[PDB]
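Asker: This one's a deposited entry, sequence included:
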Amino acid sequence: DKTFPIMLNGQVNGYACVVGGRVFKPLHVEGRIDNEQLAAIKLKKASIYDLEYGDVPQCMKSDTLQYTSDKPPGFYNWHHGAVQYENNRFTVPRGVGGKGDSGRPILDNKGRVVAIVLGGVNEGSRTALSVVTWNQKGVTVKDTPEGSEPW
Amino acid sequence: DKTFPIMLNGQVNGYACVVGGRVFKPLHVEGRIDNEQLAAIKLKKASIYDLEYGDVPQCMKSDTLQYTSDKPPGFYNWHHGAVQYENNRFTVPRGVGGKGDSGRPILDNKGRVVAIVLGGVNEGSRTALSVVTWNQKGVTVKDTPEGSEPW
Amino acid sequence: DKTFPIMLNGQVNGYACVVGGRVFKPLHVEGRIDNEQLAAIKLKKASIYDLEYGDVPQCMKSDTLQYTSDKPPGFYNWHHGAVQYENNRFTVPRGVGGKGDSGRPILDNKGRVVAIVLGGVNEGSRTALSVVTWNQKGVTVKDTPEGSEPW
Amino acid sequence: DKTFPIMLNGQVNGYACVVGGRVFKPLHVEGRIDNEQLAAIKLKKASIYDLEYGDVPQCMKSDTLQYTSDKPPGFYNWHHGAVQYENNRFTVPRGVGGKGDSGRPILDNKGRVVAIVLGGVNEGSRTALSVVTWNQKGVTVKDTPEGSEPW
Amino acid sequence: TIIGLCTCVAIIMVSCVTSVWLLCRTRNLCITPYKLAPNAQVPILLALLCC
């Protein structure tokens, strides 16, 4: 697999992912990654993005997720199914997301990572997601809706 | 699972049980509990009953064993088979139970735990069990027949 | 199991063999032994033989490979295929050996350990192996061709 | 019969055998031989080999087992079945024999006694036996694997 | 006077520590039988004498 759940007391409270040769885990998710090879690397803080990162082991650098900055309007998928990307917001039907789904990447129709979900806001019809994505210039940006809650 | 083995050097050195939201394991048994959720619990010592106790995580409380003190004479069930209760003593056929079986629970026909097996007496044809149970007032008591040895 | 692989970063980088009731592992192969009990025993160093050794656990004393000092001209086998012994030298077909095969014993037609492989040299026609074997006097003797690469 | 049980309180503590014209029994075996003709014999304490011995009465001279020092590697018979001897070691499968079996003789393919069992060591799937044997020159010696428990 | 006062303070400390240790151990031994039995009467008098 490519996504590695993060476990604190034997329970999953988040998910780590490997993108472009880097291991990304949410900063607010405390615990150890359910692995031995990826868990032995020291991780750097990225508090401006609520993320942590580290270098993938040499034997693991090839088995990593690809990402893209091109996010045309339409439907995207993730672990829990389809995700709608419109009006510059990632959103899922009410109740689809919830606490624990922190660090789960969102994938496009080509299997490329487009965003890392950190939280969300429940709107009238769909729940908006707080994610770390890349703008049209490929620069890492934290796109969060108003009143988002960490998951 | 209601019974969790305790491993010292990779071998099972006893079993830990969760009853009514509390976990018990033999005080004389060294090693870690083979459960991430239970291994993280800091237990208090109760030298009167040769056991350690503590509370369990919220996820386990919903499925803990039910305490009962109604112990009429007759046959009771336990991991290795049936248990005979006579003269206010728990006994089993010779060869049933030994080193490493300490901490196993004894239950009635209703699924309620009546005693915790910590040791026993090796007789010619039968064995007497050294167990922790409750009296007619529901107060914890330790029954150690003469010559009982911890398992 | 009598031959156990050695892992450093999660991948196998060699083998530790239980021969004669004793552990034989190369010194240049760093990492823990696959078996937890073989990794828990303190081992001694024999730099003149490029191998590390120690007494096996009680249960492993009988479940061990027997060894023989008699290696007449003929064919032998290992996990990479057949091994040919000629001119007192262990030669394998071109390309058969390689990195990670160190520590694997060469077995005779009776399943007895004849030599432990440590490295080899590609001669352009066949590959000569660096092995640890026993001479006509039954004394441990290292035999390595000049320029052999530790595997 | 050439083997006689030794009983202290009615339970079998060991066995005695007549080999070469002498009655043999271990020092650690307590009790009396069922045959009064042998029990009345004053036995010499050969603490060097943990054996008591005496002269066979003329009335019992016919009940004597032949012995030999020619013990090549192979399988030997005794009261519990076959016995495997290799590398100057006597071995039986685990669970074959135990306390009370000391003093039993081991016979070759010709019915000649080659060893007397004193105890053994459980080595995984096999149990090694402590035996009194004659070396290649026919001299009585005691073979004791480390940690052997007298039977 | 210095020796007397120091001896008195040492005696007071040792005695108070021993008294509190014995009383706390008494509470632990008295209450432990009921902690391992959540469904117990736990008479009110128990909370007054052992606590």
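Answerer: Now that the structure is in, tell me what you want to look at. Numbers count the residues shown, from 1 in each chain, chains lettered A, B, ... in the order given.

Asker: use CA for all of it now, contacts and neighbours both
Answerer: Will do.

Asker: count of residues packed around residue A:90?
Answerer: By the measure other Cα atoms under 10 Å in any protein chain shown, the count of residues near residue A:90 is 24.

Asker: Show me what it is bridged to.
Answerer: In this entry, residue A:90 is beta-bridged to residue A:85, residue A:129, by DSSP bridges.

Asker: interface residues of chain E facing chain B?
Answerer: E:29, E:32-34, E:36-41 (Cα under 8 Å from any Cα of the partner chain).

Asker: which residues of chain E fall in helices?
Answerer: Secondary structure of chain E (DSSP state H): helices at E:2-35, E:44-49.

Asker: Minimum distance to chain B, which residue of chain A gives it?
Answerer: residue A:10 (5.1 Å; Cα to the nearest Cα).

Asker: the residue most distant from the middle of chain A, which is it?
Answerer: Distance to the chain centre peaks in chain A at residue A:124, reaching 23.7 Å (criterion: Cα atoms, centre = their mean).

Asker: Surely that one forms part of a helix?
Answerer: No: using DSSP: H, G, I helix; E, B strand; the rest coil, the assignment for residue A:124 is coil, not a helix.

Asker: Against residue A:86, how distant is it?
Answerer: Distance, residue A:124 to residue A:86, using Cα to Cα, to the nearest Å: 16 Å.

Asker: Contact residues of chain A facing chain B?
Answerer: So chain A meets chain B at A:9-10 (Cα under 8 Å from any Cα).

Asker: And the strands in chain A, which stretches?
Answerer: Secondary structure of chain A (DSSP state E): strands at A:3-7, A:12-19, A:22-26, A:32-33, A:44-46, A:51-55, A:74-78, A:81-86, A:89-93, A:105-107, A:113-122, A:126-134, A:140-143, A:149-150.

Asker: give me the residue from chain E nearest chain B.
Answerer: For chain E, Cα to the nearest Cα, closest residue to chain B: residue E:33, 4.9 Å.

Asker: And for the residue most central in space within chain A, nearest residue in space, chain neighbours not counted?
Answerer: Residue closest to the average C-alpha location in chain A (Cα atoms, centre = their mean): residue A:116, at 2.1 Å. In this structure, residue A:116 finds its nearest non-sequential neighbour in residue A:105, 4.4 Å apart by Cα to Cα, 6 or more residues apart in numbering or on different chains.

Asker: Can you tell me how far residue A:97 is from residue A:129?
Answerer: From residue A:97 to residue A:129 the distance is 8 Å (Cα to Cα).

Asker: for residue A:14, same thing?
Answerer: 15 Å.

Asker: Not counting its neighbours along the chain, what's nearest the residue in chain E positioned nearest to chain C?
Answerer: Nearest residue of chain E to chain C (Cα to the nearest Cα) works out as residue E:36 at 37.2 Å. The shortest distance from residue E:36 to any non-neighbouring residue, by Cα to Cα, 6+ apart, is to residue B:140 (6.5 Å).

Asker: what pairs with that neighbour across the strands?
Answerer: Assessed by DSSP bridges, residue B:140 has beta-bridge partners residue B:134.

Asker: How many neighbouring residues does whatever residue of chain E ends up closest to chain A have?
Answerer: Relative to chain A, the nearest point of chain E is residue E:36 (24.7 Å; Cα to the nearest Cα). Using other Cα under 10 Å, the number of residues around residue E:36 comes to 26.

Asker: which residues sit in contact with the closest residue in space to residue A:28 that isn't next to it in sequence?
Answerer: Closest residue to residue A:28 apart from its sequence neighbours, by Cα to Cα, 6+ apart: residue A:50 at 6.6 Å. Residues in contact with residue A:50 (Cα atoms under 8 Å, 6 or more residues apart in numbering or on different chains) are A:26-28.

Asker: Name the residues that touch stretch E:21-29?
Answerer: Against stretch E:21-29 from outside (Cα under 8 Å, 6+ apart): B:48, E:50-51.

Asker: now do 10 Å
Answerer: With contacts defined as Cα atoms under 10 Å, 6 or more residues apart in numbering or on different chains, stretch E:21-29 is touched by B:46-48, E:15-20, E:30-32, E:35, E:46-47, E:49-51.

Asker: picking up where we left off before, quick one: contacts for the residue farthest from the centre of chain A?
Answerer: Contacts of residue A:124 (Cα under 10 Å, 6+ apart): A:93-94.

Asker: quick one, phi/psi of it?
Answerer: phi -60, psi -40 (degrees, to the nearest 10).

Asker: Please report how far it lies from chain E.
Answerer: Distance, residue A:124 to chain E, using Cα to the nearest Cα, to the nearest Å: 46 Å.

Asker: Ok, residue A:101 next?
Answerer: 37 Å.

Asker: what's the burial count for that residue?
Answerer: By other Cα under 10 Å, the residues close to residue A:101 number 22.

Asker: Report the contact partners of the residue in chain A that chain E sits nearest to.
Answerer: Nearest residue of chain A to chain E, counting by Cα to the nearest Cα: residue A:9, 24.7 Å away. Residue A:9 sits next to A:31-32, B:35-41, B:57 when contact means Cα under 10 Å, 6+ apart.

Asker: that older thread, tell me if I'm right that the residue nearest to residue E:36 and residue B:133 touch.
Answerer: Yes: using Cα atoms under 10 Å, residue B:140 makes contact with residue B:133 at a distance of 5.7 Å.

Asker: Mutual contacts of these two, please.
Answerer: B:49, B:69, B:115, E:36-37.

Asker: on that earlier part again, from chain C, how far off is the residue nearest to the residue of chain A closest to chain B when sequence neighbours are not counted?
Answerer: Leaving aside its chain neighbours, residue A:10 sits nearest to residue B:36 (5.1 Å; criterion: Cα to Cα, 6+ apart). Distance of residue B:36 to chain C, computed by Cα to the nearest Cα: 19 Å.

Asker: JSON lines for the helices of chain E, including mean neighbour count?
Answerer: Formatted as JSON lines, the helices of chain E follow (neighbours: other Cα atoms under 10 Å in any protein chain shown):
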{"stretch": "helix E:2-35", "mean neighbour count": "13"}
{"stretch": "helix E:44-49", "mean neighbour count": "10"}
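
Asker: Of all these, which one is nearest residue B:148?
Answerer: Closest of the helices of chain E to residue B:148 is helix E:2-35, at 21.3 Å (criterion: Cα to Cα).

Asker: so that closest one versus strand B:51-55, what angle?
Answerer: 80 degrees (axes from the mean of the first three to the mean of the last three Cα atoms, to 10 degrees).

Asker: neighbours around the nearest residue to residue A:147 once chain neighbours are set aside, how many?
Answerer: Among residues not flanking residue A:147 along the chain, residue A:121 sits closest, at 6.6 Å (Cα to Cα, 6+ apart). Residue A:121 has 22 neighbours, counted by other Cα under 10 Å.

Asker: hey, what's residue A:121 bridged with?
Answerer: Beta-bridge pairing of residue A:121, defined through DSSP bridges, involves residue A:128.

Asker: Run through the residues that contact it.
Answerer: Residue A:121 touches A:91-92, A:94, A:97-98, A:127-130, A:144-150, counting by Cα under 10 Å, 6+ apart.
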